[PDB]
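Starting off, we have a lone chain in the form deposited in one PDB entry, written out as structure tokens.
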């Protein structure tokens, strides 16, 4: 509560709504006197929907976590606004939205119409995809370092910004645009089953090793340009396939070495999976490698 930075309401000017959840409305806003170099900048502002009693504590833990967890590929948190209501959380605005939307909007069958400023026309090339994957991996190295377990790693939970800087976040399981990416158990609990390893589905254990599995699935989302994992399957069919040891096929756009990295994440025994530090190293080696090398994959 003391560690969390505070922003005066007068310094925040709401412009329009960006999105909406069950836990809050997100707005694009101007924030004044937040930084030295920038006299005025753009921010995402989550206004708390104070309906339930516990939402105020979730707000608090979110703001506390995001004040502690800060890194180049984690969503940037600037502080809260507690003076008056509704309570506001203030974030760095990422102009391309979520990585899933971005991947789909530069998929295959994308002509010269897509592109400009920070991305080329049409389908993202191998270098761009490896760049995306390396950044996410870097963010997961950091969380792995602090022994944080994400539990909902997926492209829909990654933001993309100016110059394709990618940062990991977590936007609840609240937005209805991605409700089919969860399996509703009974009432209110939602499970991202298609991203989950067999030990998480069967035994309900979430660890650093279950995140690496999920990164593996993010790597497949990236190389399928935002395709849902197991899109051909219903939820229960997916649970069956994942628990019975079935693996997602190599995507068309994905070369063998990168599929090898995915398979590294998908070892059935958690112990046998490669560390996120190794995966990042491999991807960044690939991301930064010269054109001559990459053209031969």
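Rigid core: the largest C-alpha set superposing within 1.5 Å between the two forms. Positions refer to the first chain, counted from 1.
The form deposited in another entry is left out here; the points below concern that form.
For the residues 107, 145, 127, 115, superposed on the rigid core between the shown form and the other one, a C-alpha shift of 2 angstroms or more shows up only at 115. Core-aligned CA deviation for residue 20 between the shown form and the other one: 2 Å or greater. Note on residue 112 and residue 286: their C-alpha atoms are more widely spaced in the other entry, a change of at least 3 Å from this conformation. Compared with the form shown here, the Cα atoms of residue 254 and residue 290 move at least 3 Å closer together in the other entry.
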